[PDB]
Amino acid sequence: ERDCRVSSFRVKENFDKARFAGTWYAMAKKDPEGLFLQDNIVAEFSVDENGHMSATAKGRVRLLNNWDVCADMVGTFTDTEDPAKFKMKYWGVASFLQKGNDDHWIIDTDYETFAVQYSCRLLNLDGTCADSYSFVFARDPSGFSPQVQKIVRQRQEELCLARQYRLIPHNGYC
């Protein structure tokens, strides 16, 4: 066994919001059920004087009638008792893009190189997450070092998402 109850997942100890601040390139994402950013994701996190964290993010989504759409979203984060877990309200610069509240846990991140992200949307009765996305964010868009790569593969299995992650091209579709 493994314990895949969203309740037993260790996230970042002592998260410094003003040390996660900055551009993170998405590298592999785990898809939820529903419409998600297909590829080209880049998140830009900034913490303002009154301690809050805000994120804006660009990415391609193939809006059903099949257009394919670079969507800039905006997110404003509310803190919780854990410094590494928050609620996100998201929305788009264009009113037709998806608004919501997604959990947004930083599972791990050495702020100069990586960060796993996770968010559970629907939780199953026994506690395992029923609907969930996760991003592996690198700080340099080439990928990231093998060492930090080996920390992240690890983490991915602790969350029970190992073998569900797929790659993101960055090709310049925005």
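Residues carry their position along the shown sequence, with the first being 1.
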Legend entry - Mean C-alpha B-factor comparison - 20-28 and 5-13, higher one: 5-13
Inset, instruction - Return whichever of 31-39 and 134-142 has the greater mean Cα B factor according to the PDB record. - result: 31-39
Legend entry - Maximum C-alpha temperature factor, selected from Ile107, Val47, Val61, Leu122: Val47
Inset, instruction - Pull the Cα B-factor of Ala71 out of the PDB entry and bin it into the chain's lowest, middle or highest third. - result: lowest
Legend entry - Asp102 - which third its CA temperature factor falls in, relative to the rest of the chain: middle
Inset, instruction - Divide the modelled residues of the chain into thirds by Cα B-factor and specify which third, lowest, middle or highest, holds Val152. - result: middle
Legend entry - Modelled-residue ranking by C-alpha temperature factor, third containing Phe77: lowest
Legend entry - Chain-relative CA temperature factor third for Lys85: highest
